[PDB]
Amino acid sequence: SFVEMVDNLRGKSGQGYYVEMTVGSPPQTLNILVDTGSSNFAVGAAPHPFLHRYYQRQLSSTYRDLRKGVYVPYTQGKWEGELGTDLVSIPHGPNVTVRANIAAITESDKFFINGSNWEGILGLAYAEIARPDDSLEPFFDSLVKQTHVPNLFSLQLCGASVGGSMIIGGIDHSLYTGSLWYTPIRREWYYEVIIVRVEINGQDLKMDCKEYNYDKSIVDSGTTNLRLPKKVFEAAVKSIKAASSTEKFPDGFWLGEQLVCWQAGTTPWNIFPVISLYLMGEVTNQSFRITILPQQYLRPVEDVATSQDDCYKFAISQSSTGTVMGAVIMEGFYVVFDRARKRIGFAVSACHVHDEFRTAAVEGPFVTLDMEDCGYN
Ligand SMILES: CC(=O)COc1cc2cc(c1)C(=O)N[C@H]([C@H](O)CNCc1cccc(C(C)C)c1)Cc1cccc(c1)OCCCCO2
């Protein structure tokens, strides 16, 4: 019954992917950001300049107040609000209704994005990182516990405005080609994984693999960029600069601040390298890799001039909180969050990226010794 969930996600480039949900009785319809990088279900519940609608608890006969406040600080933005529960449904999802925790946002700071068309956030990660603490059951745990929906979901994020699929409760084989490759979920808080090797244009970055996961590596549909720890980011930017030195760019471009533009249809894709991330596999000493094309980490953006050029932002940036495999990394692929088996699956997506001499790929097996040394402690 998964065909009803294909193409149930929408978005704008760099403003997140959202799914339509309803809360309350009678149903109030809201667009909810799909975020595997957090664990709180939260919606606008008070007027805001960027909100076109919001949750009105007074109009819901099933609303229950929890008489507890809550605040969430993300890497970008923060909000505070009041906790409660209400009935929730996903129109283009499973045909069920769950009573779920809902944080009603009353104040926020650089959280809602002007023109993104979503009004709330659906944190799909685990209770351990829920606010105010791990006793607030996340939505997906409530869904699995109150229905027969199997304990997994999959995300097909399609690039540039944008669309995709969230298959709730299973895997839809028409959304990917080739084999699924699985990496263990290292610990159930974020969707934490272990990166064991990094290559740029086939050259190993030759860093101690601990650097790749200092202090963690997560799969996060709620973050746009590939974010890398300082030492790793510097190494990768140096390698990407050298591969593209045929042309030179402002240093503000390499920091994500300024665009780069080219005459429409003349983007020099071939001078930007491919990035290969090797992930811990399912059997001893075995890994696999996902290969990222520049069409993923050069994010297309609106024209800042009176021209019809093709303009891009560098979508790799620095982090002080570990590696973040953001939406730009996920866009090539079908990503299976197999919570039941504590693993994350990767396969080439049906909406894969098209370079003309190169292709995004998921390839294995590879042999990698001492993979467990790559995890940070
Ligand atoms: C250019 C870049 O890419 C820079 O960095 C970015 C960019 C970015 C969002 C985040 C970070 C962001 O913070 N996104 C969080 C995720 O949940 C974060 N996950 C990890 C995390 C970090 C800190 C604390 C927690 C707790 C709550 C568990 C979790 C979710 C989120 C918050 C606010 C707006 C969002 C989406 O709009 C979606 C469109 C993308 C917005 O662009």
Side-chain angles (χ1 to χ4, degrees), residues 9-19 31-44 48 50-51 70-81 101 103 105 107-134 136 138-140 155 157 159-162 164 187-193 215-229 233 252-259 296-301 312-331 337:
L9 317 171
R10 237 55 155 194
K12 168 163 180 101
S13 173
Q15 305 197 339
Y17 296 81
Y18 57 87
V19 68
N31 284 334
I32 306 297
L33 175 72
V34 169
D35 172 28
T36 68
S38 72
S39 304
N40 277 87
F41 183 36
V43 303
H48 188 277
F50 300 164
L51 283 191
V70 58
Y71 80 84
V72 174
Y74 304 92
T75 290
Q76 166 176 305
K78 52 184 144 57
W79 53 258
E80 61 184 41
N101 287 311
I105 300 180
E107 279 187 36
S108 60
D109 180 14
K110 301 168 290 261
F111 175 71
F112 301 118
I113 295 176
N114 191 7
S116 71
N117 201 37
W118 51 261
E119 294 93 39
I121 182 161
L122 176 65
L124 291 161
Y126 299 94
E128 175 146 28
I129 58 181
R131 301 306 191 98
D133 57 64
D134 63 6
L136 190 81
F139 171 82
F140 201 87
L155 288 178
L157 306 187
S161 192
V162 295
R187 159 177 165 207
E188 298 156 313
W189 58 329
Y190 300 93
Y191 286 104
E192 186 184 359
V193 302
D215 58 340
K216 65 187 168 301
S217 292
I218 75 172
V219 182
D220 180 0
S221 67
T223 292
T224 289
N225 284 4
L226 169 65
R227 305 184 73 238
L228 300 172
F233 173 78
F253 165 73
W254 298 111
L255 293 160
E257 310 181 326
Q258 318 179 243
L259 308 166
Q296 285 165 270
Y297 64 76
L298 299 187
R299 188 171 58 83
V301 296
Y312 307 90
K313 270 227 240 155
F314 189 52
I316 307 175
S317 50
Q318 185 171 323
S319 170
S320 57
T321 58
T323 292
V324 181
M325 286 169 81
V328 118
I329 292 304
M330 294 176 63
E331 279 167 11
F337 293 80

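Residue indices begin at 1 and follow the sequence shown. All values below were derived from every heavy atom in this structure, side-chain atoms included, with hydrogens, water molecules and symmetry-related copies excluded. We count ligands from 1, going down the list as the structure has it; atoms in each ligand are counted the same way.
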(message) Quick check for you: to the nearest 0.5 Å, what is the distance between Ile121 atom CD1 and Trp79 atom CH2?
(response) 8.0 Å
(message) As an exercise, state the distance from CH2 of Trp118 to CZ of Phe50, rounded to the nearest 0.5 Å.
(response) 11.0 Å
(request) Give yes if a backbone or side-chain nitrogen or oxygen of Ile113 is under 3.5 Å from a nitrogen or oxygen of ligand 1, and no if not. (result) no
(request) Can you pull out the closest protein heavy atom to atom 38 (C) of ligand 1? Residue, atom name and distance to 0.1 Å, please. (result) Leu33 CD2, 3.6 Å
(request) Any atoms of ligand 1 less than 4.0 Å from a non-hydrogen atom of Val72? List them with their elements. (result) 27 (C)
(request) Quick one: look up the protein heavy atom nearest atom 26 (C) of ligand 1 and list residue, atom name and how far away it is. (result) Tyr190 OH, 4.2 Å
(message) So for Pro73, does at least one of its heavy atoms come nearer than 4.0 angstrom to any atom of ligand 1?
(response) yes
(request) Determine, considering heavy atoms only, which of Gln15, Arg299, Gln76, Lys12 sits nearest to atom 41 (C) of ligand 1. (result) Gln76
(message) Suppose we measure from atom 15 (C) of ligand 1 to each protein heavy atom; which comes out shortest, and what is that distance?
(response) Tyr74 CD2, 3.6 Å
(message) Under 3.5 Å between any N/O of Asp35 and any N/O of ligand 1: does that happen in this structure?
(response) yes
(request) Below 4.0 angstrom from a heavy atom of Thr75, which ligand 1 atoms are there? Numbered from 1 as shown, please. (result) 11 (C), 13 (O), 22 (C), 23 (C)
(message) With a 4.5 Å cut-off on side-chain heavy atoms, are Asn101 and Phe139 touching?
(response) no
(message) Within the 4.0 Å heavy-atom shell around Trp118, which atoms of ligand 1 are there?
(response) 37 (O)
(message) Under a 4.0 angstrom heavy-atom cut-off, which atoms of ligand 1 come close to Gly222?
(response) 9 (C), 10 (C), 12 (C), 14 (N), 15 (C), 30 (C), 31 (C), 36 (C), 38 (C), 40 (C)
(request) Report the nearest protein non-hydrogen atom to atom 34 (C) of ligand 1: residue, atom name, distance rounded to 0.1 Å. (result) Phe111 O, 3.9 Å
(request) Could you establish whether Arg227 and ligand 1 come within less than 4.0 Å of each other, counting only heavy atoms on the residue side? (result) yes
(request) Return yes if a side-chain donor-acceptor contact under 3.5 Å exists between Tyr190 and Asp220, otherwise no. (result) no
(request) Taking the side chain as every heavy atom from C-beta outward, state whether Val328 and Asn225 have any atom pair closer than 4.5 Å. (result) no
(request) Would you indicate whether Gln258, at its atom CD, is surrounded by more than 12 heavy atoms from other residues, nucleotides or ligands within a distance under 6.0 Å? (result) yes
(message) Check for me whether the distance between the ring centres of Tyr191 and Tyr126 falls short of 6.0 Å.
(response) yes
(request) Starting from atom 18 (C) of ligand 1, locate the nearest protein heavy atom and write down its residue, its atom name and how far away it is, to 0.1 Å. (result) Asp220 OD2, 3.4 Å
